[PDB]
>>> print(open('structure_16.txt').read())   # compact mmCIF, C-alpha atoms and all ligand atoms
# COMPACT_ATOMS: atom_id res chain seq x y z
CA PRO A 1 38.53 19.71 124.29
CA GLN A 2 40.54 17.56 121.88
CA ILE A 3 43.87 18.87 120.59
CA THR A 4 45.45 17.31 117.51
CA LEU A 5 49.22 17.40 117.08
CA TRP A 6 49.69 18.71 113.52
CA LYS A 7 50.99 21.87 115.17
CA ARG A 8 52.47 22.63 118.57
CA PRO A 9 49.80 22.25 121.33
CA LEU A 10 49.97 25.84 122.51
CA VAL A 11 47.30 27.13 124.88
CA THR A 12 46.77 30.33 126.84
CA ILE A 13 47.63 30.20 130.53
CA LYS A 14 47.21 32.71 133.34
CA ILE A 15 49.91 32.91 136.02
CA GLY A 16 51.08 35.71 138.29
CA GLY A 17 48.45 37.98 136.80
CA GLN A 18 49.80 37.53 133.26
CA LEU A 19 48.51 35.73 130.19
CA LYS A 20 51.04 33.65 128.26
CA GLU A 21 51.19 30.90 125.65
CA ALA A 22 52.52 27.52 126.74
CA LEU A 23 52.88 23.99 125.39
CA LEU A 24 50.86 21.12 126.81
CA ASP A 25 53.91 18.86 127.12
CA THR A 26 53.55 15.19 128.11
CA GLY A 27 57.34 14.85 127.92
CA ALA A 28 57.97 17.39 130.70
CA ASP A 29 57.89 16.11 134.29
CA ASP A 30 57.66 19.67 135.59
CA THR A 31 56.29 22.98 134.38
CA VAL A 32 58.93 25.43 133.13
CA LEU A 33 58.12 29.06 132.29
CA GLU A 34 60.05 31.86 130.62
CA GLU A 35 61.77 34.34 132.90
CA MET A 36 59.23 36.27 134.95
CA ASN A 37 59.61 38.21 138.19
CA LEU A 38 57.21 36.34 140.44
CA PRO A 39 57.10 37.33 144.14
CA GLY A 40 57.80 35.03 147.04
CA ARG A 41 60.44 32.53 148.00
CA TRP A 42 61.99 29.98 145.68
CA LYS A 43 64.72 27.39 145.64
CA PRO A 44 67.33 26.70 142.94
CA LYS A 45 67.00 23.72 140.63
CA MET A 46 68.67 22.36 137.49
CA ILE A 47 66.68 20.51 134.81
CA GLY A 48 68.07 18.64 131.83
CA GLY A 49 66.93 17.96 128.30
CA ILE A 50 68.29 18.01 124.78
CA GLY A 51 71.38 20.21 124.83
CA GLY A 52 72.07 19.90 128.56
CA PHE A 53 70.87 21.61 131.73
CA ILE A 54 69.54 25.06 132.59
CA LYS A 55 69.29 26.68 136.01
CA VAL A 56 65.75 27.54 137.13
CA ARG A 57 63.93 28.95 140.15
CA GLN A 58 61.39 26.61 141.73
CA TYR A 59 58.22 28.24 143.06
CA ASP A 60 55.69 26.09 144.93
CA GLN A 61 51.91 26.33 145.33
CA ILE A 62 51.54 28.69 142.36
CA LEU A 63 48.06 29.30 140.98
CA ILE A 64 47.84 28.76 137.22
CA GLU A 65 44.83 28.60 134.90
CA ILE A 66 45.24 26.47 131.78
CA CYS A 67 42.68 27.00 129.03
CA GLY A 68 40.05 27.79 131.66
CA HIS A 69 41.00 24.93 134.02
CA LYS A 70 42.48 25.99 137.37
CA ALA A 71 45.52 24.30 138.87
CA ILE A 72 48.01 24.89 141.67
CA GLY A 73 51.49 23.47 141.99
CA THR A 74 55.19 23.84 141.37
CA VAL A 75 56.41 26.11 138.57
CA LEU A 76 60.05 26.43 137.48
CA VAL A 77 61.15 29.81 136.08
CA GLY A 78 64.27 30.34 134.02
CA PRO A 79 65.76 30.93 130.56
CA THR A 80 63.68 28.36 128.73
CA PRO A 81 63.04 29.04 125.02
CA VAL A 82 59.39 27.99 125.47
CA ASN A 83 56.76 27.81 128.20
CA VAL A 84 55.90 24.16 128.89
CA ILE A 85 53.05 22.83 131.00
CA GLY A 86 54.31 19.57 132.47
CA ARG A 87 52.65 16.49 133.88
CA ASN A 88 52.47 17.95 137.40
CA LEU A 89 49.75 20.32 136.16
CA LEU A 90 48.41 18.34 133.17
CA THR A 91 47.14 15.70 135.61
CA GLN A 92 45.33 18.44 137.51
CA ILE A 93 43.33 19.53 134.45
CA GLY A 94 42.43 15.96 133.51
CA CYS A 95 44.60 15.79 130.39
CA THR A 96 45.18 12.41 128.73
CA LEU A 97 46.91 11.09 125.63
CA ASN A 98 44.61 9.10 123.35
CA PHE A 99 45.15 6.96 120.28
CA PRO B 1 44.49 3.52 124.58
CA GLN B 2 43.85 6.41 126.95
CA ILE B 3 47.04 7.27 128.85
CA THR B 4 46.93 9.30 132.05
CA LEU B 5 49.92 11.40 133.06
CA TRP B 6 50.59 10.62 136.73
CA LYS B 7 53.58 8.66 135.40
CA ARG B 8 55.78 9.28 132.38
CA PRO B 9 54.01 8.07 129.19
CA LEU B 10 56.64 5.45 128.36
CA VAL B 11 55.81 2.84 125.71
CA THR B 12 57.60 0.10 123.85
CA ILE B 13 58.62 0.84 120.27
CA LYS B 14 60.10 -1.32 117.52
CA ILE B 15 62.71 0.18 115.21
CA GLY B 16 65.32 -1.55 113.08
CA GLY B 17 63.77 -4.78 114.32
CA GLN B 18 64.72 -3.94 117.92
CA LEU B 19 62.49 -3.18 120.89
CA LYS B 20 63.08 -0.03 122.93
CA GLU B 21 61.30 2.11 125.50
CA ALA B 22 60.40 5.66 124.46
CA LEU B 23 58.57 8.70 125.84
CA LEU B 24 55.44 10.04 124.12
CA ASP B 25 56.43 13.70 124.02
CA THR B 26 53.88 16.25 122.75
CA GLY B 27 56.40 19.06 123.38
CA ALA B 28 58.81 17.58 120.81
CA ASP B 29 58.32 18.45 117.13
CA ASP B 30 60.68 15.64 116.18
CA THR B 31 61.56 12.14 117.29
CA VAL B 32 65.02 11.77 118.85
CA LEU B 33 66.44 8.40 119.90
CA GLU B 34 69.57 7.57 121.86
CA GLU B 35 72.67 6.44 119.96
CA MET B 36 71.99 3.25 118.01
CA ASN B 37 72.78 1.48 114.75
CA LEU B 38 70.17 1.87 112.01
CA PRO B 39 70.36 0.63 108.41
CA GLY B 40 70.21 3.02 105.48
CA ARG B 41 71.61 6.42 104.63
CA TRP B 42 71.55 9.37 107.03
CA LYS B 43 72.59 13.00 107.05
CA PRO B 44 74.08 15.09 109.87
CA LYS B 45 71.77 17.69 111.36
CA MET B 46 71.36 19.90 114.42
CA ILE B 47 68.43 20.01 116.83
CA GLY B 48 67.84 22.28 119.83
CA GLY B 49 66.12 21.63 123.14
CA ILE B 50 65.83 23.31 126.50
CA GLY B 51 69.58 23.20 127.15
CA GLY B 52 71.01 24.01 123.72
CA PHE B 53 71.79 22.20 120.49
CA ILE B 54 73.14 18.73 119.72
CA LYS B 55 74.43 16.97 116.62
CA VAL B 56 72.24 14.14 115.31
CA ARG B 57 72.07 11.75 112.38
CA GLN B 58 68.81 12.13 110.47
CA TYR B 59 67.24 8.91 109.16
CA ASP B 60 64.34 9.52 106.80
CA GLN B 61 61.38 7.25 106.07
CA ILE B 62 62.12 4.80 108.90
CA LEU B 63 59.60 2.15 109.89
CA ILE B 64 58.78 2.37 113.58
CA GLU B 65 55.97 0.75 115.56
CA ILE B 66 54.79 2.63 118.66
CA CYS B 67 52.68 0.75 121.19
CA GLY B 68 51.27 -1.45 118.44
CA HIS B 69 50.70 1.36 115.91
CA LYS B 70 52.85 1.71 112.80
CA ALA B 71 54.54 4.85 111.55
CA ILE B 72 57.06 5.71 108.86
CA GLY B 73 58.96 8.93 109.27
CA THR B 74 62.06 10.83 110.25
CA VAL B 75 64.09 9.66 113.25
CA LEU B 76 66.97 11.64 114.72
CA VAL B 77 69.73 9.71 116.53
CA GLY B 78 72.10 11.34 118.97
CA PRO B 79 72.87 12.23 122.59
CA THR B 80 69.32 12.88 123.79
CA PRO B 81 68.73 12.25 127.51
CA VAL B 82 65.92 9.79 126.69
CA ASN B 83 64.18 8.31 123.65
CA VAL B 84 61.38 10.73 122.73
CA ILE B 85 58.55 10.22 120.24
CA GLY B 86 57.66 13.60 118.78
CA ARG B 87 54.68 15.03 116.93
CA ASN B 88 55.96 13.90 113.52
CA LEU B 89 55.15 10.32 114.57
CA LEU B 90 52.43 11.00 117.16
CA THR B 91 50.24 12.41 114.38
CA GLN B 92 50.73 9.21 112.36
CA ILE B 93 49.39 6.95 115.11
CA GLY B 94 46.39 9.23 115.64
CA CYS B 95 47.48 10.63 119.00
CA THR B 96 45.53 13.57 120.48
CA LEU B 97 45.49 15.43 123.78
CA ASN B 98 42.16 15.47 125.61
CA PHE B 99 40.92 17.23 128.75
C1 LIG A 101 63.92 14.40 128.66
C2 LIG A 101 62.58 14.44 127.88
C3 LIG A 101 62.36 15.79 127.19
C4 LIG A 101 63.50 16.08 126.22
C5 LIG A 101 62.26 16.90 128.25
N1 LIG A 101 61.84 18.19 127.65
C6 LIG A 101 60.40 18.35 127.30
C7 LIG A 101 60.29 18.24 125.76
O1 LIG A 101 58.96 18.20 125.37
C8 LIG A 101 60.98 19.44 125.12
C9 LIG A 101 60.21 20.74 125.38
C10 LIG A 101 60.85 21.88 124.54
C11 LIG A 101 60.18 22.34 123.24
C12 LIG A 101 60.81 23.45 122.41
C13 LIG A 101 62.11 24.11 122.86
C14 LIG A 101 62.79 23.65 124.16
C15 LIG A 101 62.16 22.53 125.00
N2 LIG A 101 60.94 19.21 123.69
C16 LIG A 101 62.16 18.99 122.93
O2 LIG A 101 63.25 19.07 123.42
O3 LIG A 101 61.92 18.65 121.58
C17 LIG A 101 63.06 18.63 120.65
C18 LIG A 101 62.84 17.60 119.81
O4 LIG A 101 61.81 18.18 118.74
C19 LIG A 101 62.01 19.50 118.62
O5 LIG A 101 60.92 20.18 118.84
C20 LIG A 101 61.15 21.11 120.10
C21 LIG A 101 62.47 21.09 120.40
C22 LIG A 101 63.04 19.87 119.75
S1 LIG A 101 62.56 19.56 128.41
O6 LIG A 101 62.01 20.81 127.88
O7 LIG A 101 64.01 19.58 128.17
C23 LIG A 101 62.17 19.37 130.17
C24 LIG A 101 60.83 19.89 130.70
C25 LIG A 101 60.49 19.71 132.17
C26 LIG A 101 61.48 19.01 133.09
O8 LIG A 101 61.16 18.85 134.45
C27 LIG A 101 62.06 18.00 135.13
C28 LIG A 101 62.82 18.48 132.55
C29 LIG A 101 63.17 18.66 131.08
>>> encode(input="structure_16.txt", output="structure tokens")
Amino acid sequence: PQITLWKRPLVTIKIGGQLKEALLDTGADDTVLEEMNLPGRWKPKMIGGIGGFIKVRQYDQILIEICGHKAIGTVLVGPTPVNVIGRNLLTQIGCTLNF
Amino acid sequence: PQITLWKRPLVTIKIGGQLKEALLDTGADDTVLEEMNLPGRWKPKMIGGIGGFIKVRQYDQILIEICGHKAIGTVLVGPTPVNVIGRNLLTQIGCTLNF
């Protein structure tokens, strides 16, 4: 599909057996999701943006379905105000910017 | 152009007659540039990101050319980690997401 940017580009995603809303975010290197109690091992990470850094948990090889398109890769979990789908998964669903 | 997302979508912009590099950021409502001198009046404002809130100077109705496309809109100037072009200007240049 084609998504205009008059409003936030929120889409439904499926991860860890849950449905959530997340931003298709070309400005995010990585995917960062609201706190959720995923199983398995993880490693600590800090990521920075406007306002400074937050501590997150990095999970690898996570299955995630974005608007019907399947992907698998690294997801960071922590106290983010918003779920963001980053470039690491946007590439996997064939997402481009166009103007 | 069509921009893939294996790398950061960095483009050259022109603002205040000066060239800069900036990130096309669909997860940003607003455009936030690193500290710089701009002509005209401004007003102090706050904006929040993943790590908290920062103080910025708001410049309204600023001419800015993004990868050869012209926009006129609000630009926030302050201690952002990188220059980001947000939806307020991405809409003006006709930018959409496509997958
Ligand atoms: C360094 C570039 C950029 C600031 C990075 N951000 C992605 C943005 O899309 C961020 C994503 C974001 C969106 C909403 C709330 C928190 C973060 N948007 C944002 O901060 O936008 C601000 C400017 O306009 C306003 O509209 C939203 C907040 C304001 S981020 O969330 O902090 C981020 C995401 C993934 C990362 O992996 C390394 C590292 C940082």
>>> interface_residues(input="structure_16.txt", of="chain A", to="chain B", cutoff="7 Å", atoms="only C-alpha atoms", output="PyMOL selection string")
chain A and resi 1-6+23-27+48-54+80-81+87+91+93-99
>>> atom_distance(input="structure_16.txt", atom1="atom CA of residue B:33", atom2="atom CA of residue B:68")
18.1 Å
>>> calpha_fit_rmsd(input="structure_16.txt", fixed="chain A", moving="chain B")
0.6 Å
>>> atom_distance(input="structure_16.txt", atom1="atom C11 of ligand LIG 101 (chain A)", atom2="atom CA of residue A:57")
18.5 Å
>>> closest_residue(input="structure_16.txt", among="B:56, B:63, B:71, B:19", to="ligand LIG 101 (chain A)", atoms="all atoms listed in the file")
B:56
>>> closest_residue(input="structure_16.txt", among="A:65, A:11, A:44, A:30", to="ligand LIG 101 (chain A)", atoms="only C-alpha atoms and all ligand atoms")
A:30
>>> atom_distance(input="structure_16.txt", atom1="atom CA of residue B:72", atom2="atom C29 of ligand LIG 101 (chain A)")
26.4 Å
>>> residues_around(input="structure_16.txt", residues="residue B:15", least_positions_apart="5", cutoff="10 Å", atoms="all atoms listed in the file", output="CSV table (one decimal) with C-alpha atoms, in the coordinates of the input")
chain,number,residue,atom,x,y,z
B,20,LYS,CA,63.1,0.0,122.9
B,38,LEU,CA,70.2,1.9,112.0
B,62,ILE,CA,62.1,4.8,108.9
B,63,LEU,CA,59.6,2.2,109.9
B,64,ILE,CA,58.8,2.4,113.6
B,65,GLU,CA,56.0,0.8,115.6
B,66,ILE,CA,54.8,2.6,118.7
B,75,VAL,CA,64.1,9.7,113.2
>>> closest_residue(input="structure_16.txt", among="A:60, A:42, A:13, A:77", to="ligand LIG 101 (chain A)", atoms="all atoms listed in the file")
A:77
>>> decode(input="structure_16.txt", residues="chain B", atoms="C-alpha atoms", output="JSON list (two decimals), in the first residue's frame")
[["chain", "number", "residue", "atom", "x", "y", "z"],
["B", 1, "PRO", "CA", 13.00, 9.63, -6.00],
["B", 2, "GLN", "CA", 12.40, 6.22, -4.46],
["B", 3, "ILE", "CA", 14.58, 5.79, -1.36],
["B", 4, "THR", "CA", 15.28, 2.35, 0.07],
["B", 5, "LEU", "CA", 16.05, 1.97, 3.77],
["B", 6, "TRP", "CA", 19.15, -0.24, 4.00],
["B", 7, "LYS", "CA", 20.96, 3.00, 4.90],
["B", 8, "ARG", "CA", 19.73, 6.05, 6.78],
["B", 9, "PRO", "CA", 17.63, 8.28, 4.45],
["B", 10, "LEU", "CA", 19.98, 11.26, 4.68],
["B", 11, "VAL", "CA", 19.53, 14.11, 2.20],
["B", 12, "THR", "CA", 20.90, 17.57, 1.65],
["B", 13, "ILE", "CA", 18.70, 20.48, 2.68],
["B", 14, "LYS", "CA", 19.01, 24.23, 2.22],
["B", 15, "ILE", "CA", 17.88, 26.53, 5.03],
["B", 16, "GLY", "CA", 18.86, 30.11, 5.75],
["B", 17, "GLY", "CA", 20.89, 29.89, 2.55],
["B", 18, "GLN", "CA", 23.08, 27.15, 4.04],
["B", 19, "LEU", "CA", 23.41, 23.50, 3.03],
["B", 20, "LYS", "CA", 23.03, 20.78, 5.66],
["B", 21, "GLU", "CA", 22.48, 17.05, 5.86],
["B", 22, "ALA", "CA", 19.20, 15.87, 7.42],
["B", 23, "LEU", "CA", 17.32, 12.64, 8.11],
["B", 24, "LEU", "CA", 13.93, 11.98, 6.50],
["B", 25, "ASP", "CA", 12.08, 10.87, 9.62],
["B", 26, "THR", "CA", 8.50, 9.59, 9.28],
["B", 27, "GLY", "CA", 8.36, 8.98, 13.05],
["B", 28, "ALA", "CA", 8.81, 12.70, 13.74],
["B", 29, "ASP", "CA", 5.74, 14.96, 13.71],
["B", 30, "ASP", "CA", 8.00, 17.99, 13.61],
["B", 31, "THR", "CA", 11.27, 19.08, 12.07],
["B", 32, "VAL", "CA", 14.13, 19.58, 14.54],
["B", 33, "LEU", "CA", 17.54, 20.89, 13.49],
["B", 34, "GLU", "CA", 20.77, 21.14, 15.45],
["B", 35, "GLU", "CA", 21.76, 24.50, 16.94],
["B", 36, "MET", "CA", 22.17, 27.13, 14.23],
["B", 37, "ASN", "CA", 21.60, 30.80, 13.46],
["B", 38, "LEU", "CA", 18.40, 31.59, 11.58],
["B", 39, "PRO", "CA", 17.00, 35.02, 10.69],
["B", 40, "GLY", "CA", 13.62, 36.17, 11.95],
["B", 41, "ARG", "CA", 11.66, 35.94, 15.17],
["B", 42, "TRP", "CA", 11.32, 32.74, 17.19],
["B", 43, "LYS", "CA", 9.59, 31.58, 20.34],
["B", 44, "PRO", "CA", 10.78, 29.12, 23.00],
["B", 45, "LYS", "CA", 9.01, 25.77, 23.04],
["B", 46, "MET", "CA", 9.37, 22.24, 24.36],
["B", 47, "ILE", "CA", 9.42, 19.01, 22.36],
["B", 48, "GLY", "CA", 9.62, 15.41, 23.58],
["B", 49, "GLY", "CA", 11.27, 12.36, 22.06],
["B", 50, "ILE", "CA", 12.20, 8.86, 23.14],
["B", 51, "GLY", "CA", 14.47, 10.09, 25.95],
["B", 52, "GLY", "CA", 12.51, 13.03, 27.35],
["B", 53, "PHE", "CA", 11.97, 16.69, 26.56],
["B", 54, "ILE", "CA", 14.27, 19.44, 25.27],
["B", 55, "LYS", "CA", 14.02, 23.20, 24.91],
["B", 56, "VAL", "CA", 13.90, 24.49, 21.33],
["B", 57, "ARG", "CA", 13.46, 27.76, 19.47],
["B", 58, "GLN", "CA", 10.47, 27.62, 17.12],
["B", 59, "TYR", "CA", 10.88, 29.37, 13.76],
["B", 60, "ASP", "CA", 7.64, 29.63, 11.81],
["B", 61, "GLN", "CA", 7.17, 29.89, 8.05],
["B", 62, "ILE", "CA", 10.80, 29.11, 7.19],
["B", 63, "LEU", "CA", 11.85, 28.40, 3.62],
["B", 64, "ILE", "CA", 13.64, 25.06, 3.38],
["B", 65, "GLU", "CA", 14.53, 22.99, 0.32],
["B", 66, "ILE", "CA", 14.75, 19.23, 0.85],
["B", 67, "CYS", "CA", 16.49, 17.15, -1.81],
["B", 68, "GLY", "CA", 15.45, 19.64, -4.49],
["B", 69, "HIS", "CA", 11.86, 20.10, -3.25],
["B", 70, "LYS", "CA", 10.73, 23.31, -1.59],
["B", 71, "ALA", "CA", 8.81, 23.64, 1.66],
["B", 72, "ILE", "CA", 7.80, 26.48, 3.95],
["B", 73, "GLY", "CA", 6.99, 25.58, 7.51],
["B", 74, "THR", "CA", 7.91, 25.36, 11.15],
["B", 75, "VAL", "CA", 11.48, 24.45, 12.11],
["B", 76, "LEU", "CA", 12.55, 23.71, 15.68],
["B", 77, "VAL", "CA", 16.19, 24.40, 16.62],
["B", 78, "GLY", "CA", 17.86, 22.84, 19.64],
["B", 79, "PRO", "CA", 19.94, 19.97, 21.02],
["B", 80, "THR", "CA", 18.59, 17.17, 18.83],
["B", 81, "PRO", "CA", 21.03, 14.29, 18.21],
["B", 82, "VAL", "CA", 20.69, 14.77, 14.42],
["B", 83, "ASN", "CA", 18.87, 17.01, 11.96],
["B", 84, "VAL", "CA", 15.47, 15.40, 11.36],
["B", 85, "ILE", "CA", 12.87, 16.30, 8.73],
["B", 86, "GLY", "CA", 9.44, 15.53, 10.16],
["B", 87, "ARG", "CA", 5.98, 15.01, 8.73],
["B", 88, "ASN", "CA", 5.15, 18.73, 8.74],
["B", 89, "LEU", "CA", 7.63, 19.14, 5.87],
["B", 90, "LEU", "CA", 7.53, 15.61, 4.41],
["B", 91, "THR", "CA", 3.88, 16.17, 3.49],
["B", 92, "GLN", "CA", 4.81, 19.38, 1.66],
["B", 93, "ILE", "CA", 7.29, 17.65, -0.65],
["B", 94, "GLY", "CA", 4.79, 14.89, -1.40],
["B", 95, "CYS", "CA", 6.55, 12.14, 0.54],
["B", 96, "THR", "CA", 4.74, 8.82, 1.07],
["B", 97, "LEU", "CA", 5.64, 5.40, 2.45],
["B", 98, "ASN", "CA", 5.18, 2.48, 0.07],
["B", 99, "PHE", "CA", 5.46, -1.29, 0.47]]
